[PDB]
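Residue numbers (the deposited numbering), protein chains in the order written: chain 0A, 1 to 19; chain w, 176 to 464; chain x, 176 to 207; chain 7, 1 to 137; chain 6, 1 to 137.
Virtual Cβ for every residue (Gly too), placed ideally from N, Cα, C.
To keep things clear, I will list the structure first and then write my remarks on it.
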Amino acid sequence: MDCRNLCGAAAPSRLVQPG
Amino acid sequence: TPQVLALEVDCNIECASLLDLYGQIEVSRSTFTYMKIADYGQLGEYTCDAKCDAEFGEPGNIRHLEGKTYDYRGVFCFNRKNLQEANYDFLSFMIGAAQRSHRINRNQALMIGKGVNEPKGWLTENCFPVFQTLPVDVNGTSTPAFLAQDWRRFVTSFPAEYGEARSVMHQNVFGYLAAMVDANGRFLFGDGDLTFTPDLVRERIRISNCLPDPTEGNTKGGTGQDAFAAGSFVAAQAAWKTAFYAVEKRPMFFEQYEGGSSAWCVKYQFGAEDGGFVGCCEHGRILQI
Amino acid sequence: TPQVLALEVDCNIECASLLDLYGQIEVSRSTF
Amino acid sequence: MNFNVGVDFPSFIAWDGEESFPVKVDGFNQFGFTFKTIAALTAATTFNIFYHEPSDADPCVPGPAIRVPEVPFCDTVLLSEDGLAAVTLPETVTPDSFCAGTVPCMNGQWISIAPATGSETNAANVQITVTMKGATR
Amino acid sequence: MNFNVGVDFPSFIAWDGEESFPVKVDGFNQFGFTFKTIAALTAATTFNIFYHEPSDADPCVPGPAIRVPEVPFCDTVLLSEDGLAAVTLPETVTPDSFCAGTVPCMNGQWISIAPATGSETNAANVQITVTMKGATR
């Protein structure tokens, strides 16, 4: 009932934490 | 014919750990008891060289209180023939990912183990003295916020007479502190040329990600967008070797559950006994909003 | 029956101390 | 240096998205099913399993379509309607993301898969193959 | 006692009679071929193998179908006039005996099988699928 795979869109992100 | 090597990639993060800072106690049968001595009372007075009689003082209490300790148990099934073939040893793997689960549950309990058959985590006790950041009034709003001065005054205000007290928090807090900048456009800490990183070797930075962050993940509060939420947990600072104690009775043990096991199916049962309690929770202190 | 362990919590602070810094001198009968 | 793996675990198509097919496995001793979606699904897709027997006309021709009974094990607590081997590809399974399953105990000569009622329009966007193993003939 | 053999050697549809299918073979490190007819054939039939590179638009989608060059081993006696790799299945192959094949040296990220021109009517009777071996990820 199971299986896994790859090729997930990398799609980097931003994190900004100003004051 | 293929070739086999003896490597095993893991891809399994447990968490940070705090079972080493707390005072460890190996124990025996439950309902342990101990002393609590309230306060050494003022016994003498002093004396003027002349008289030949003193004046009594007030004594203290000892409060022989005691403590309990909880258990952990689990079961699992197996096939008989399916174990002989299929070369990899599943049984030892289950032993491993039963001791590991017991470990992580013990860790989570020592923090948020709410009461009933749950090791009373020092978070829900709420008996440590706590300080909170002051609000700031940006354009007349008085919104909750958190600048580095709050930490300055939180960590420094600790009475050093208790000893070296270790501080714990989430790495999101670490990052939000790292992203702090002065008015000139410069960064407030270490200025380790792209070097800061998380040395955290022994001094007062210690990170646990299985703690609740006040960043709500990230980009939340402090973020250029919406501010913090008040009354949110920040960090703790305590001499855990005397502020809180973890107690262990029997290591994680397994046994084939004779009865319920057959020539075609096998039933197992594992268990362990552990708990925790607070020492002088006037030792350490907490940070909030 | 209750179990007895061998630990005791203090939860009582004395102060910081300055007796180590001062010059220590052991003496005898008074009027040194 | 890819070895010829057609022989030594071959495979066939079981469901092309439009129609099922009997796939002989009696000459083998192990086998399994590989599901692969071609497009994004809309709901959980249930697939019924069937096994057959050699039609008495010829020992090498498909006969009826008997529904294989589900067989539970110890840790089974969620038996189906009296037990009928049926799988369900859940939702949130994008393309380039395959699934796979098998039956615990075999019965019959060859297997087949069909879309359980209601999943037909969605079964039209998934393909099913079977891969065998262990043949000695 | 069949193992779950879909978590290993999972096949995919390549040619279901009248439609080709580029199959991703990146994580896998070995792959073969399985030919299966559905009825009787007329003459021998040839199939042209092609491969794909990631089209610059998306790295997980196949580009065009580039022809595969045939590589000879030692003690070879003939080479395809063009040097381009292609498989051939002889006439008089019953639809109850699979055929296997394997290109000894791959190139590209997707594999595809196409009916060689002039042998396209029999292609309907032909179903070809491919299984793979390694995971590496």
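query, result
"Do residue 198 (chain w) and residue 443 (chain w) have their C-beta atoms within less than 7 Å of each other?", "no"
"Alpha carbons only, please: which of 136 (chain 7), 112 (chain 7), 137 (chain 7), 101 (chain 7) is nearest the one belonging to residue 49 (chain 7)?", "112 (chain 7)"
"Can you find the residues in the same chain that come closer than 6 Å, C-beta to C-beta, to residue 297 (chain w), ignoring five residues on each side of it along the sequence?", "419, 453"
"Is the shortest distance between the beta-carbon of residue 96 (chain 7) and the beta-carbons of chain 0A less than 7 Å?", "yes"
"Following the continuous beta strand (DSSP E) through residue 268 (chain w), name the residue where it begins and the one where it ends.", "Here residue 268 (chain w) belongs to no beta strand (DSSP E); instead the alpha helix (DSSP H) covers 265–287."
"Along chain 0A, which residues have their Cβ under 8 Å away from the Cβ of residue 27 (chain 6)?", "6"
"Verify whether the separation of the beta carbon atoms of residue 95 (chain 6) and residue 37 (chain 6) is less than 7 Å.", "yes"
"In the DSSP assignment, find the alpha helix (DSSP H) that holds residue 96 (chain 7) and state where it starts and stops.", "Residue 96 (chain 7) -> no alpha helix (DSSP H), and no H or E assigned at all."
"If you reduce the DSSP assignment to three classes, tell me which class residue 46 (chain 7) lands in.", "strand"
"Quick check on DSSP: helix, strand or coil for residue 70 (chain 7)?", "coil"
"Taking a cut of 9 Å between CB atoms, which residues from the region 94–118 of chain 6 lie near chain 7?", "96, 98, 99, 100, 101, 102, 103, 104, 105, 106"
"Just to make sure I have the definition right: I need the residues of chain 0A whose C-beta is within less than 9 Å of the C-beta of residue 263 (chain w). Which are they?", "None at all; the shortest Cβ gap to chain 0A is about 17 Å."
"Pick from 331 (chain w), 455 (chain w), 376 (chain w), 448 (chain w): whose alpha carbon is nearest that of residue 293 (chain w)?", "448 (chain w)"
"Is any heavy atom of the ligand HEM found at a distance shorter than 6 Å from the C-beta of residue 400 (chain w)?", "With respect to the ligand HEM, the structure shown offers nothing to examine, as it has no ligands at all."
"Between residue 207 (chain w) and chain x, is any beta-carbon pair separated by less than 7 Å?", "yes"
"Which bits of chain 0A does residue 6 (chain 6) rub up against, with CB to CB less than 8 Å?", "3"
"Counting only Cβ pairs nearer than 8 Å, list the residues of chain w close to residue 18 (chain 0A).", "354, 356, 397, 398, 399"
"What three-state label does DSSP hand residue 110 (chain 7) in the structure shown?", "strand"
"For residue 394 (chain w), I'd like the list of residues in its chain whose CB is within less than 8 Å of its CB, leaving aside the five on either flank, ordered along the chain.", "400"
"Give the DSSP bridge partners of residue 241 (chain w), in chain order.", "208 (chain w)"
"Tell me, please, whether the CB atom of residue 10 (chain 7) is closer than 7 Å to any CB atom in chain 6?", "yes"
"When you compare each of 132 (chain 7), 58 (chain 7), 126 (chain 7) to residue 40 (chain 7) by their alpha carbons, which one comes out closest?", "126 (chain 7)"
"Would you report the Cα separation of residue 32 (chain 7) and residue 92 (chain 7), rounded to the nearest angstrom?", "23 Å"
"Nearest chain 6 C-beta to residue 58 (chain 7) closer than 7 Å, yes or no?", "no"
"On the DSSP bridge assignment, give the partners of residue 344 (chain w) in chain order.", "382 (chain w), 410 (chain w)"
"Are any of the Cβ atoms in chain w nearer than 7 Å to that of residue 180 (chain x)?", "yes"
"Is it the case that the Cβ atoms of residue 130 (chain 7) and residue 14 (chain 7) are separated by a distance below 7 Å?", "yes"
"Return helix, strand or coil for residue 61 (chain 7), following the three-state DSSP convention.", "coil"
"Do residue 61 (chain 7) and residue 105 (chain 7) have their C-beta atoms closer together than 7 Å?", "no"
"Taking only three categories from DSSP, how would you classify residue 369 (chain w)?", "coil"
"I want to know whether the region 256–274 of chain w touches the region 356–370 of chain w - three or more CB-CB distances under 8 Å.", "no"
"Give every residue of the same chain whose Cβ lies closer than 6 Å to the Cβ of residue 247 (chain w), excluding the five residues on either side of it in the sequence, and list them in chain order.", "277, 447"
"Just tell me which of 123 (chain 6), 137 (chain 6), 135 (chain 6) has its CA closest to the CA of residue 44 (chain 6).", "123 (chain 6)"
"Would you say residue 184 (chain x) faces chain w, with C-beta separation under 7 Å as the test?", "yes"
"Have a look at residue 84 (chain 6) and residue 76 (chain 6) and give me their C-alpha separation to the nearest angstrom.", "15 Å"
"According to DSSP, is residue 246 (chain w) helix, strand or coil?", "strand"
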